[PDB]
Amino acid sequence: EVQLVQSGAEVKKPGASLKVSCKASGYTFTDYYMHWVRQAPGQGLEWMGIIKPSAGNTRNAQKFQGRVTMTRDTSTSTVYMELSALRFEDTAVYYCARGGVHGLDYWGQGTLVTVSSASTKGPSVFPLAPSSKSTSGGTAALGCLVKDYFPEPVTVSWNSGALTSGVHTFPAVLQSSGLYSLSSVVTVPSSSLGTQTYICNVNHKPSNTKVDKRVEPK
């Protein structure tokens, strides 16, 4: 299977430079072009450029010609995209895509790059214990509160990905303090609260922090 794995989300200061990596697997690295596409929050797709992994030829779009530099490492089947003179307006999700079938047939997961003068901040995870009066028949709601982190994003899984039924990770809210907070809740059978173990796995790549918080019955 063709897979394109990108580097994690990061905070960058204005004027700095960042290099996003894209490791290619499942296909011959030197047989296909590689594209880069950026998408600002709530905006459309913007093509950035294309690289030929065999000889290293690059061609960038007009908007990004003065600040983007794309390289590649054939030994590791990895394409790099460097954005210099970073600015607040560069905050976006950056994708690599394989240039098969004369289009962009396989995409990476995307890398959310935030440009800000504020520093990164790890999250504070608190349990949301399932209450008794808040239950709904045979189902109960329990979750984790991920408070006061910067920047986005954070990924929440339950039982290391072994629990996906009923899981709902809500979008984050931007507080007046400039920090984000969100909640992830899984609907669980109300009778298996005492037997089943419920762990929320919170990952904040920009701070290089992972928290596995255990949610107990109240």
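Position 1 is the first residue in the sequence shown; the rest follow in order.
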ask   = When the C-alpha temperature factors are averaged for each of 162-170 and 178-186, which stretch ends up with the higher value in the entry?
value = 162-170
query = On average, which has the higher Cα B-factor in the deposited entry, 115-123 or 137-145?
reply = 137-145
query = Which one of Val202, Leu18, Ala9, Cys22 shows the top CA temperature factor in the record?
reply = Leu18
remark   = Max C-alpha B-factor within the set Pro153, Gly49, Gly26, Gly42 falls on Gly42
task = Just say lowest, middle or highest third for the CA B-factor of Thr69 relative to the other modelled residues in its chain.
result = middle
ask   = According to the PDB entry, is the CA B factor of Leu128 in the bottom, middle or top third of its chain, that is, lowest, middle or highest?
value = middle
note = Chain thirds by Cα B factor, record data; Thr30 belongs to the middle
request  = Give the position of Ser191 by CA B-factor within its chain, expressed as the lowest, middle or highest third.
outcome  = highest
remark   = Tertile call for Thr78 (CA temperature factor, within chain, third-based) is the middle
